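Next comes just one chain, in structure tokens: the form deposited in one PDB entry.
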């Protein structure tokens, strides 16, 4: 009586019907019921129910039945154990929190990593470079032209290319060389050609507009074409903000680097580590505030009485200056523009440096481990072939 032998994949597990009867509604519970001969596959010769499943984890499932706490067997990948407990009817939200973060690890990484006749050829200039030959050619050319645009920008901000002429009308200002403007015009011509080509075919235009890359491209090409458009009074304000917009022209490099792997992995890491980033920012804000206040008060202890101002010989004339020093000191950067100059200030400074090392090394390893797991997974999915589907599943 009350002695039932479960045969899982050729391994016999024996236990009392009561242990099965503990957790109701599950398949093993239904085994415990007297109406079990018809319900499940069973042979009267050996009085054992036979299940064609992995036994090595059914050990742990039956253990959960026995003691009452479900654990993750640390010798199997999380998804395998997940699929087994899914078969057995066990809810996967019962595992102990001590063994949940390692269980839900592979699956976590997996989820985090996740006219008309010539239209295919039109769109083939925006598809992946390796997906064709025209695609790779257009990609190389757009790369060259983005780099030329960026170099034109960086050299336009230079002094050697911005001499000031003795021109009065009586204001004299630096002017840019004509060659820079001409190269900029050429690059604008090329980008406008590419943008019109992409606009030709825009399926699901809502998601096309939601695409940040196209937004950045259009915003980057917007200021130049405003040369013809430029009331002169509003025009000066819009030119003033137009320089600041032209600042975005360096963001066109992400269009090129999007096809890199490490950058997609970095995007997934960032989007998947919001909590740790907020944690790091909170830690840094508390540290900066506290240590700025402490150093501002410490450096006044040795202040000379003669001076009318509270602090004359110290860089820490107020607290916000303390914020700047505290960041520079906690990140172990240490420019040396401002540093403590009193024994009390030096004590506070050493404390700030150590606390900075600690509260920077708290969340950063979490973020780094996330990136490491996602990068390893992406490199795996890259090295392995796409799909072959060698397994031919049996009919139900």
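Only the largest set of C-alpha atoms that superpose within 1.5 Å between the two forms is called the rigid core. Residue numbers count along the first chain shown, from 1.
Just so it is clear, the following notes concern the form deposited in another entry, a form of the same protein that is not shown.
Colleague: Which residue, chosen from 274, 306, 257, 157, moves its CA by 2 Å or more between this form and the one not shown under a rigid core superposition?
Modeller: After core superposition, the one over threshold is 306.
Colleague: Align both forms on the core first, then report whether residue 240 has a C-alpha shift of 2 Å or more between this form and the one not shown.
Modeller: Indeed, residue 240 is displaced by 2 Å or more.
Colleague: Would one find the Cα atoms of residue 306 and residue 296 closer or farther in the other entry than in this form, where their distance changes by 3 Å or more?
Modeller: Distance between the C-alphas of residue 306 and residue 296: shorter in the other entry, by 3 Å or more.
Colleague: Since the Cα-Cα distance for residue 305 and residue 320 shifts by 3 angstroms or more in the other entry, is it a contraction (closer) or an expansion (farther)?
Modeller: Closer in the other entry, by 3 Å or more.
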